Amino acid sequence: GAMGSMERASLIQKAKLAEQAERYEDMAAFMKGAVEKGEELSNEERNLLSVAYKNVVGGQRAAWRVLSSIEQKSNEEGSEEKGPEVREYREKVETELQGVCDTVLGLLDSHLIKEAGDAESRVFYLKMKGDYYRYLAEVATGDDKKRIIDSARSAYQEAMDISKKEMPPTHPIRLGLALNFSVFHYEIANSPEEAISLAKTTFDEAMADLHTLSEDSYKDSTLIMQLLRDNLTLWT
């Protein structure tokens, strides 16, 4: 593509530099170029790909929420007619966010998921698939909203099924997947009970397997376990 003439290793080196410079749009474009080289990603490279886009879409989502909240206030009784600008600009931000999601989903479908045979790669990509459909669902308001939602559910559920069969209950990818699937239940699928049960059960099964870990793996798992606990505290 745009990154067609750059060496794969140079793209990776540059993605790491853009991360250090907090240049996440650049980071993401370098990683998209690396994926498009056609070779599978290593563990480190999957982590770079995920960080790049999560940061980019995370800035777009925060912006969309600011603008959506302004837009709703302007639609309240007694608010003065501001004209079309707030809706137009929210739509602009929304469209760009949707294009980022479509780009990630594109990479996963062409051809990351189909070549991912190990549990750690396959679950990682399926979690990303559920995440980007979930970001689409956050902004969806039309006839496709139910289908977007259930594409998020189906990707998360396939990732859960594999992670349960193939990964220990403390694996960070298993834990991060459950945390996000649990947020999907709470916030997207209007199933706060399912959200809470999943976060509880995931946390308790991780607790009971901590004993098997080195001190460095202990540190990695308890970090995400803490985020499960934060949501349980907020939700109960």
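Note that residue numbering follows the sequence shown and begins at 1.
Higher average CA B factor: 111 to 119, of the stretches 111 to 119 and 87 to 95. The stretch 217 to 225 shows the higher mean C-alpha B-factor when 13 to 21 is compared against 217 to 225 in the entry.
Out of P168, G38, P192, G59, it is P168 whose C-alpha atom has the highest B-factor in the PDB entry. The entry lists a Cα temperature factor for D144 that places it in the highest third of the chain's modelled residues.
Ranked against the other modelled residues of its chain, the C-alpha B-factor of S69 as given in the entry falls in the highest third. Among the modelled residues of the chain, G78 sits in the highest third by CA temperature factor in this PDB entry.
The entry lists a Cα temperature factor for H211 that places it in the highest third of the chain's modelled residues. Ranked by C-alpha B-factor against the other modelled residues of its chain, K164 falls in the highest third.
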